[PDB]
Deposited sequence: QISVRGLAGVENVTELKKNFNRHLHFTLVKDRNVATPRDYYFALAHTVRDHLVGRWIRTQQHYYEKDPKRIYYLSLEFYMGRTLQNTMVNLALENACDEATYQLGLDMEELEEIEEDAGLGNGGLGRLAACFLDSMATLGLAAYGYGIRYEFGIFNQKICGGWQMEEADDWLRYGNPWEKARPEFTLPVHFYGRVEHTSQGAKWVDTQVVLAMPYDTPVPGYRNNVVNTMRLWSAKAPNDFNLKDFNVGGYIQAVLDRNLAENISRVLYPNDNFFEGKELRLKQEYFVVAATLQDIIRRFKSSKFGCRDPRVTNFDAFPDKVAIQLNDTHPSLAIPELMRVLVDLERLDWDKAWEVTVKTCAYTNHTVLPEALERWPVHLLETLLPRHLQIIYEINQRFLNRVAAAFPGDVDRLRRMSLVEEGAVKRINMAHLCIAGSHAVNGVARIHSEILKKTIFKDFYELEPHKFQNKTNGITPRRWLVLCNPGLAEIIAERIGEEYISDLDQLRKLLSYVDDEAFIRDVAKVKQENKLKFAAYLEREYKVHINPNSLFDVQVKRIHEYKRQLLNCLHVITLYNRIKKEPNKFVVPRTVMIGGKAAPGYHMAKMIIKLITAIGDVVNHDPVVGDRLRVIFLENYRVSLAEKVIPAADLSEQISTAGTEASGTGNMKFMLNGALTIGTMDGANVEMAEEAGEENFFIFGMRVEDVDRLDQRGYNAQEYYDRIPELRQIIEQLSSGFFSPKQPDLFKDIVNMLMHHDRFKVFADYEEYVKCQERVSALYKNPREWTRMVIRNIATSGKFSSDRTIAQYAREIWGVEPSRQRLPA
């Protein structure tokens, strides 16, 4: 069909068809008379999987022979989403499979919609790990993703009566064809117990044991025949566990609950014991695997030369004291040598500045669960503070500020301080974020060891976020500059010479229109809701959180509605405002925000005077597969977090690559995006970080804005009087109260600027040709945001390895 989807050769199509029938028969044990679409999906999945296996085995054999430095990416989240199409794309099998299934009388797109998303993540942090795995494989790095195989990933969101309802994400129900259980590599993990100081060294004894069973999933690089591994651990009790008889067998669930479910919090720390167990479980099993592989390649001096451990935030921070425990207690190395090895091996990536998101574990928890690790942490703190004391003599406050141990109500361990002390590199995820780290929260550490602090701006993989979800756009681009950009996104800059090309301008706009029509159809298919494909698609999709300010978006929507009602027969650019995202189960304000959105839609979408000029839809169950559908159809990307709160953001990059213009604050990566495309091609508004600080020093008083802005006052009064909740007049009292008295995110402060800049957006949309030309300038300069660039920087500046675009024999 289309070029970038590969060749549909005669021999391969014939081969695919026969293997498809083979699997349907021998693997699924069915015939064409009783097979359902799901059976067909699995037959295709197994057929494609077969093509991975040869490459997977020789890739790993290759690494064994050449023995390069290995990269271990530890994360408690891997937001992978579907795997079928991604595998076909990276293996250049899309057109062949499309043809083969066509000839079998099946629609491949229909079958792809059957696969369940692998939702082992909450949002940005988890998706970043997924994009990174793709880029590491595409760049030929010997990398391994290590995490937990949650039985239940992020919950499926249902909207009932305008409220969010959560239901278990039983994603393994029908089986997972992509994973390979490896029970032969099961390892033991220890919990509780006591420390016993003998003659030679300490010993951790009387522990409870939980087995870690690994499951391997292949990670194919883009058409380079490289297939890396993502290994996820599953908790299993030992057979002598708790061994009345029946009850002992039933209580095995206690131990296996460790890998049962993903904590659904985005940028929020919940200090629960079960979570601490998950964190140590991944770290303990992973490190034994690392050391095992290392020994099978005695003198750990070369350990840092053959191993790199990247901590995705502080979730796997226990790797630092666990590595020390193993080297000191088990391998018998002296502390100083063990510490040298640990520091040179570990690197830490920070993903936030919000105080409530930082991990601070109560000492009493670590004391009971990991007694030996708490002793090691105290020792580390002792030696670190001695260093601080020697560098800043007499500065006693610095000592208490930098301590890994925080005093107070309950003593806690600051895991971020632990990570900085035990890593040779610490990085932020966007230029502005990394600078904030050095200027504020980690200022003392930067002054002690400036060389440790770096920046590695985030990115997204152009395979899943362009070729896979937007083939039409990838095609018109390839037609004019070739296919090389798919693994070298900087080449999109060549599109700049087509900004005045009438043909290209028309094609770009046509692809967008087709995407909007397709999405507009999808909305009626699976959700039954009519929308106007000619309107401007204004979308904000991301987790629901006060700092992301979906509330500011709501204020604008209500403003537009009030203006229409004020002058009904005045022309306004038609808009379809789409807002989607999940709220953490226990985050009350976030759940109220969702109710507000649907409540607004209930009024706006049924007002005869508005017509098809304004629609407000809440996108249900936003997840990776839904993102792949709505982002390609968007015109406006909403990235409006309060300056200084969104560390980077990645959804912003996805929209830029897919042809949407961006309205946002100078926050996170938005700053670098505007810098790359030129501020005149971005819709920037609001306070900058410096303005927010000025406001805080002075004291934020929402009342001031309410008194000076009539339109804003009207909105607040509508919310307060029950205009959007007739039956429950005070339903939104909490929202109004927060907005008026304790809004940590200054929604009102950016209201005027936001509405004004939204007017400029509507003005440009009225001129199709100029809107598209600006779009072209955005797509053309989005190259820097490829995760291939990000990973190459990690490789060269942190891991000490060189990326390679060399193909392996297939």
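Participant: Can you give me the gaps, meaning deposited-sequence stretches with no C-alpha coordinates, in sequence order?
Facilitator: Gaps in the modelled chain, taken against the deposited sequence, lie at 244-249, 304-312.
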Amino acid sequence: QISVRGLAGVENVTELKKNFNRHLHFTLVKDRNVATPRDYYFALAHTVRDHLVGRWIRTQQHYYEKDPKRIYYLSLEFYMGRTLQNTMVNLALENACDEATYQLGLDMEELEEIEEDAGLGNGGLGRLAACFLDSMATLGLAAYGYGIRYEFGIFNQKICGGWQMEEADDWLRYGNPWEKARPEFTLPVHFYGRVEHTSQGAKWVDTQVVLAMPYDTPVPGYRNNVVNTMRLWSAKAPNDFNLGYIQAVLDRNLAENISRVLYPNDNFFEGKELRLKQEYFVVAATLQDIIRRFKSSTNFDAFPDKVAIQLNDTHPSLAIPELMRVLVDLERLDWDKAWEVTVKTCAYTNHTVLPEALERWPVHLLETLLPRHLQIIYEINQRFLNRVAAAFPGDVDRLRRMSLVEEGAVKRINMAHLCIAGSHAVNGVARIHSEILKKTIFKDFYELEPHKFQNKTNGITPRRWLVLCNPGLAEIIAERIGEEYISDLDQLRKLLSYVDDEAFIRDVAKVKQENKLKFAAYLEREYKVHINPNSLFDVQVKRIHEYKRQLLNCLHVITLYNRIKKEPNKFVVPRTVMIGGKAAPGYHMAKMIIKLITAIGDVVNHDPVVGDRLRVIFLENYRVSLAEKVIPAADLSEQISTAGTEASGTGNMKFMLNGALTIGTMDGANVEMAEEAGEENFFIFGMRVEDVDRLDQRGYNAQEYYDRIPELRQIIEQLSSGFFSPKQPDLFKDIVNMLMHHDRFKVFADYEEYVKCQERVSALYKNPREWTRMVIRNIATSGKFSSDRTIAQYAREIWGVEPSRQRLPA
From here on, numbers count along this sequence of modelled residues.
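Participant: If we scan the other compared entries, does residue 522 go without coordinates in at least a third?
Facilitator: In all of the other entries, residue 522 has coordinates.
Participant: Would you say residue 378 is missing from a third or more of the other compared entries?
Facilitator: no, residue 378 modelled in all other entries.
Participant: Look over 88-96 and 720-728 in the entry and identify the one with the greater average Cα temperature factor.
Facilitator: It is 720-728 that shows the higher mean C-alpha B-factor.
Participant: On mean Cα temperature factor in this entry, is 64-72 or 745-753 the higher one?
Facilitator: It is 64-72 that shows the higher mean C-alpha B-factor.
Participant: Highest CA temperature factor in the entry: which of 442, 618, 268, 171?
Facilitator: In the PDB entry, the greatest C-alpha B-factor among 442, 618, 268, 171 is found at 268.
Participant: Going by the entry, which of 409, 597, 374, 467 has the most elevated CA B factor?
Facilitator: Reading the PDB entry, the winner on C-alpha B-factor is 409.
Participant: By the record's CA B-factor, is residue 10 among the lowest, middle or highest third of residues in the chain?
Facilitator: Highest third, going by the recorded CA B-factors of the chain.
Participant: In terms of the chain's CA B-factor thirds, is residue 571 lowest, middle or highest?
Facilitator: As the PDB entry reports it, the C-alpha B-factor of residue 571 lands in the highest third of its chain.
Participant: Would you please rank residue 585 by its C-alpha temperature factor against the other modelled residues of its chain and give the third it falls in: lowest, middle or highest?
Facilitator: As the PDB entry reports it, the C-alpha B-factor of residue 585 lands in the middle third of its chain.
Participant: Thinking about Cα B factors across the chain, which third does residue 260 belong to?
Facilitator: As the PDB entry reports it, the C-alpha B-factor of residue 260 lands in the lowest third of its chain.
Participant: By the recorded C-alpha temperature factor, relative to the other modelled residues in its chain, which third is residue 77 in?
Facilitator: It belongs to the lowest third of the chain when residues are ordered by C-alpha B-factor.
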